[PDB]
Amino acid sequence: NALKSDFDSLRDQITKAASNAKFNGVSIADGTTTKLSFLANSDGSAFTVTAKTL
Amino acid sequence: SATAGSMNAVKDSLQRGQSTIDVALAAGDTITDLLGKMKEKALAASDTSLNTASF
């Protein structure tokens with residue numbers, strides 16, 4: 001029972017650590033978006049970065 | 001003599017046209033600077049990573 005309780009506690013801490021991983025309201029790892037695109041040239045070409053849900 | 005003396009009006013009109021073109025060039029310098037700033041603003045706005053307030 002003590003081991004399963006510690007296991008559930010760590011499983012909740014994983015949820016909280018994944019939830020807090022934002023930078024100014026945007027996150028590449030919390031799973032709210034499929035990808036982020038950043039500027040790569042003056043004409044507006046994207047620099048795609050696929051999201052990795054955690 | 002009347003033909004030679006009539007040229008002063010032509011010179012005056014040419015100077016007035018040069019002055020008008022100069023004022024237009026000053027306004028054009030201002031307009032190109034504003035257009036370049038709008039370029040940088042739209043290019044910054046294209047990025048998907050910004051939050052709503054920056055947009």
# chains A, B, ... in the order shown; residues from 1 in each chain; ligands from 1
call {"tool": "residues_around", "arguments": {"residues": "residue 25 in chain A", "least_positions_apart": "3", "cutoff": "12 Å", "atoms": "only C-alpha atoms", "output": "VMD selection string"}}
result
(chain A and resid 19 to 22 28 30 32 to 33) or (chain B and resid 48 to 54)
call {"tool": "write_last_selection", "arguments": {"atoms": "N, CA and C atoms", "output": "PDB file, in the first residue's frame"}}
result
ATOM      1  N   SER A  19       2.121  20.144 -16.774  1.00  0.00           N
ATOM      2  CA  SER A  19       1.232  21.295 -16.867  1.00  0.00           C
ATOM      3  C   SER A  19       1.962  22.625 -16.734  1.00  0.00           C
ATOM      4  N   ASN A  20       3.044  22.677 -15.961  1.00  0.00           N
ATOM      5  CA  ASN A  20       3.727  23.941 -15.703  1.00  0.00           C
ATOM      6  C   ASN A  20       4.742  24.326 -16.773  1.00  0.00           C
ATOM      7  N   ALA A  21       4.943  23.494 -17.794  1.00  0.00           N
ATOM      8  CA  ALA A  21       5.996  23.717 -18.783  1.00  0.00           C
ATOM      9  C   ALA A  21       5.542  24.657 -19.901  1.00  0.00           C
ATOM     10  N   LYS A  22       5.332  25.921 -19.543  1.00  0.00           N
ATOM     11  CA  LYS A  22       4.936  26.942 -20.503  1.00  0.00           C
ATOM     12  C   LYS A  22       5.931  28.093 -20.490  1.00  0.00           C
ATOM     13  N   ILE A  28       5.654  23.784 -26.020  1.00  0.00           N
ATOM     14  CA  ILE A  28       5.929  22.784 -27.040  1.00  0.00           C
ATOM     15  C   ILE A  28       5.763  21.360 -26.516  1.00  0.00           C
ATOM     16  N   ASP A  30       3.403  20.426 -23.563  1.00  0.00           N
ATOM     17  CA  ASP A  30       2.198  20.130 -22.798  1.00  0.00           C
ATOM     18  C   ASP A  30       1.071  19.544 -23.644  1.00  0.00           C
ATOM     19  N   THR A  32      -0.927  20.904 -26.045  1.00  0.00           N
ATOM     20  CA  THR A  32      -2.039  21.728 -26.506  1.00  0.00           C
ATOM     21  C   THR A  32      -1.955  22.092 -27.984  1.00  0.00           C
ATOM     22  N   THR A  33      -0.839  21.817 -28.654  1.00  0.00           N
ATOM     23  CA  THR A  33      -0.718  22.138 -30.070  1.00  0.00           C
ATOM     24  C   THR A  33       0.138  21.080 -30.753  1.00  0.00           C
TER      25      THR A  33
ATOM     26  N   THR B  48       3.742  32.015 -34.954  1.00  0.00           N
ATOM     27  CA  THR B  48       2.689  31.313 -34.229  1.00  0.00           C
ATOM     28  C   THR B  48       2.938  31.244 -32.724  1.00  0.00           C
ATOM     29  N   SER B  49       4.171  31.476 -32.273  1.00  0.00           N
ATOM     30  CA  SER B  49       4.522  31.257 -30.875  1.00  0.00           C
ATOM     31  C   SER B  49       4.115  32.400 -29.956  1.00  0.00           C
ATOM     32  N   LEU B  50       3.634  33.515 -30.496  1.00  0.00           N
ATOM     33  CA  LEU B  50       3.268  34.649 -29.661  1.00  0.00           C
ATOM     34  C   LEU B  50       1.955  34.398 -28.932  1.00  0.00           C
ATOM     35  N   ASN B  51       1.816  35.010 -27.760  1.00  0.00           N
ATOM     36  CA  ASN B  51       0.543  35.034 -27.063  1.00  0.00           C
ATOM     37  C   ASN B  51      -0.335  36.159 -27.610  1.00  0.00           C
ATOM     38  N   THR B  52      -1.607  36.145 -27.206  1.00  0.00           N
ATOM     39  CA  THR B  52      -2.591  37.037 -27.814  1.00  0.00           C
ATOM     40  C   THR B  52      -2.257  38.507 -27.574  1.00  0.00           C
ATOM     41  N   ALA B  53      -1.691  38.834 -26.410  1.00  0.00           N
ATOM     42  CA  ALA B  53      -1.440  40.237 -26.090  1.00  0.00           C
ATOM     43  C   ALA B  53      -0.382  40.842 -27.005  1.00  0.00           C
ATOM     44  N   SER B  54       0.667  40.079 -27.317  1.00  0.00           N
ATOM     45  CA  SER B  54       1.686  40.574 -28.236  1.00  0.00           C
ATOM     46  C   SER B  54       1.125  40.737 -29.641  1.00  0.00           C
TER      47      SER B  54
END
call {"tool": "select_by_dssp", "arguments": {"residues": "chain A", "states": "strand (DSSP E)", "output": "mmCIF file with C-alpha atoms, in the first residue's frame"}}
result
data_model
loop_
_atom_site.group_PDB
_atom_site.id
_atom_site.type_symbol
_atom_site.label_atom_id
_atom_site.label_comp_id
_atom_site.auth_asym_id
_atom_site.auth_seq_id
_atom_site.Cartn_x
_atom_site.Cartn_y
_atom_site.Cartn_z
ATOM 1 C CA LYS A 35 3.593 22.174 -33.844
ATOM 2 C CA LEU A 36 5.123 25.630 -33.534
ATOM 3 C CA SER A 37 6.374 27.527 -36.593
ATOM 4 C CA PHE A 38 9.022 30.234 -36.265
ATOM 5 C CA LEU A 39 10.357 32.724 -38.782
ATOM 6 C CA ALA A 46 8.426 28.946 -41.255
ATOM 7 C CA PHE A 47 10.947 27.000 -39.182
ATOM 8 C CA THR A 48 8.726 24.092 -38.157
ATOM 9 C CA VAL A 49 9.234 22.487 -34.734
ATOM 10 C CA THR A 50 7.000 19.471 -34.106
#
call {"tool": "residues_around", "arguments": {"residues": "range 27-42 of chain B", "least_positions_apart": "2", "cutoff": "12 Å", "atoms": "only C-alpha atoms", "output": "PDB file with C-alpha atoms, in the first residue's frame"}}
result
ATOM      1  CA  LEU A  39      10.357  32.724 -38.782  1.00  0.00           C
ATOM      2  CA  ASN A  41      13.623  34.372 -43.491  1.00  0.00           C
ATOM      3  CA  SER A  42      12.406  37.864 -44.344  1.00  0.00           C
ATOM      4  CA  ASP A  43       9.675  36.459 -46.622  1.00  0.00           C
ATOM      5  CA  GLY A  44       7.983  34.670 -43.712  1.00  0.00           C
TER       6      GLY A  44
ATOM      7  CA  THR B  20       6.847  70.255 -55.733  1.00  0.00           C
ATOM      8  CA  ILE B  21       8.881  67.163 -56.598  1.00  0.00           C
ATOM      9  CA  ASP B  22      11.151  67.833 -53.602  1.00  0.00           C
ATOM     10  CA  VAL B  23       8.204  67.976 -51.202  1.00  0.00           C
ATOM     11  CA  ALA B  24       6.926  64.748 -52.751  1.00  0.00           C
ATOM     12  CA  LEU B  25      10.317  63.111 -52.162  1.00  0.00           C
ATOM     13  CA  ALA B  44       6.656  39.556 -36.273  1.00  0.00           C
ATOM     14  CA  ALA B  45       2.887  38.972 -36.289  1.00  0.00           C
ATOM     15  CA  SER B  46       3.255  35.951 -38.591  1.00  0.00           C
ATOM     16  CA  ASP B  47       4.978  33.898 -35.862  1.00  0.00           C
ATOM     17  CA  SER B  54       1.686  40.574 -28.236  1.00  0.00           C
ATOM     18  CA  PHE B  55      -0.422  39.973 -31.343  1.00  0.00           C
TER      19      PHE B  55
END
call {"tool": "closest_residue", "arguments": {"among": "A:34, A:13, A:27, A:53", "to": "chain B", "atoms": "only C-alpha atoms"}}
result
A:27
